[PDB]
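K.L.:
quick one: initial chain(s) of a complex, as found there:
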Amino acid sequence: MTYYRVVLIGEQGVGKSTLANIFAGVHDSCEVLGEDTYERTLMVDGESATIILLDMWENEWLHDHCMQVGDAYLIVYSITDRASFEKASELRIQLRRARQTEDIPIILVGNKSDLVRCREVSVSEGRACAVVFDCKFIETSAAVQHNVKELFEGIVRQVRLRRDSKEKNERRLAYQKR
């Protein structure tokens, strides 16, 4: 068993809990930690990955220490809410301040991709933020299950790139391509 501690942060209402629950619902199977922690094991590039998913950003002990426990952070905004996109920047700064020495894997997540007509953040703008500030970008929908699978496979791959040798990840990339 290899653990991947993944933390959801972002403005209230962007879909963190809905993403978490969709992830938990799709995959079969740390209950003592409480109702905001989800554990599921995935197969990624022919190797098991046990994701511990932490969703306690909203205003008990784990909540006050959210920035310190993760191997990887999902900074979520809603594509329909400019304010949440700005909040994601506040969070990026707060997080890289708390973990100054570490190349912490971050995914910027533009959630609610199904709400096409209410879009306030262009995919180009989300992409540009990720490029300039050095993280990965993906648009998702918990409502429609767009890229939910891809998000969690992606975060595993990103953590593995930081942890493991160029050889190991070389075989895994060759596994993924073929």
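P.N.:
Okay, I see it. Numbering: from 1, shown residues only, chains lettered A, B, ... in the order given.

K.L.:
From residue A:151, how far off is residue A:55?
P.N.:
As judged by Cβ to Cβ, to the nearest Å, residue A:55 and residue A:151 stand 14 Å apart. Every C-beta, even on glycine, is put in place using the N, C-alpha and C of the backbone.

K.L.:
Likewise for residue A:171?
P.N.:
With Cβ to Cβ as the criterion, residue A:171 and residue A:151 are 23 Å apart.

K.L.:
Find the helix or strand that the residue most central in space within chain A is a member of.
P.N.:
Central residue of chain A (Cα atoms, centre = their mean): residue A:74, 2.9 Å from the mean position. Assigned by DSSP states H and E, residue A:74 falls within strand A:72-78.

K.L.:
which residues in chain A form helices?
P.N.:
Applying DSSP state H to chain A gives helices spanning A:16-26, A:66-69, A:82-98, A:123-132, A:148-163, A:166-177.

K.L.:
JSON lines for the ones you listed, including distance to residue A:45?
P.N.:
Formatted as JSON lines, those follow (distance: least, Cβ to Cβ, whole Å):
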{"stretch": "helix A:16-26", "distance to residue A:45": "19"}
{"stretch": "helix A:66-69", "distance to residue A:45": "25"}
{"stretch": "helix A:82-98", "distance to residue A:45": "27"}
{"stretch": "helix A:123-132", "distance to residue A:45": "23"}
{"stretch": "helix A:148-163", "distance to residue A:45": "7"}
{"stretch": "helix A:166-177", "distance to residue A:45": "4"}
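
K.L.:
can you slot in chain B too:
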Amino acid sequence: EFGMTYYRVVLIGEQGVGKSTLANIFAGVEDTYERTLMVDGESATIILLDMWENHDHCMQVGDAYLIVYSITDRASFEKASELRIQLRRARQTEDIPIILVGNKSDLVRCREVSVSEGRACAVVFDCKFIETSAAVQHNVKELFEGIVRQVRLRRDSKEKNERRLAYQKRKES
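P.N.:
Adding chain B to the chains above:
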């Protein structure tokens, strides 16, 4: 890129043909809409531009073009035909995906341009052809799926496109 593949699709054609009404269906219902859809089992993020005014730069921005006329208006059919050539001329080093779109197919008693004529001209023009009704939603889904396939044919390896055609043939049959 990571979990995202982008397709810039531009709607062009005469005023009143139904460019915006098609864009509205795409949106779910303002210059631009952005939606990810699945085609042949693979997600495709379409950036749909609906800002054509009746120039040269608009001919350069797109990965692909939807040239729309109304089946009730012969003048719009001729302009669409003109735009097709202009676009080919504007992008000389490239084979740009184009669909010629005969919109308003619900208005049977008002039609001026026949289905055969549209098909025939499209063969002559070497482009794809489809008739749509934006009012009643017919072939609109097929239109946006079709433009994605078109871009993939130019962009991706011939093995990848072989897999997609097989996937597609199984779904339809």
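
K.L.:
what angle do the strand holding residue A:74 and helix A:123-132 make?
P.N.:
Using axes from the mean of the first three to the mean of the last three Cα atoms, to 10 degrees, the inter-axis angle of strand A:72-78 relative to helix A:123-132 is 150 degrees.

K.L.:
Is there proximity between strand A:72-78 and chain B?
P.N.:
No - using Cβ under 8 Å from any Cβ of the partner chain, strand A:72-78 stays clear of chain B, coming no nearer than 12.8 Å.

K.L.:
helices and strands around that strand, which ones?
P.N.:
Secondary-structure packing of strand A:72-78 (3 or more Cβ pairs under 8 Å, 6 or more residues apart in numbering or on different chains; DSSP states H and E): strand A:3-9, helix A:16-26, helix A:82-98, strand A:106-111, helix A:148-163.

K.L.:
and those, which is most packed in?
P.N.:
Of the helices and strands packed on strand A:72-78, the one with the most neighbours on average (mean count of other Cβ atoms under 10 Å in any protein chain shown) is strand A:106-111, at a mean of 27.

K.L.:
that older thread, quick one: the strand holding residue A:74 to chain centroid distance?
P.N.:
5 Å (Cα atoms, centre = their mean, to the nearest Å).

K.L.:
Then stretch A:125-145?
P.N.:
Computed by Cα atoms, centre = their mean, the chain-centroid distance of stretch A:125-145 equals 10 Å.
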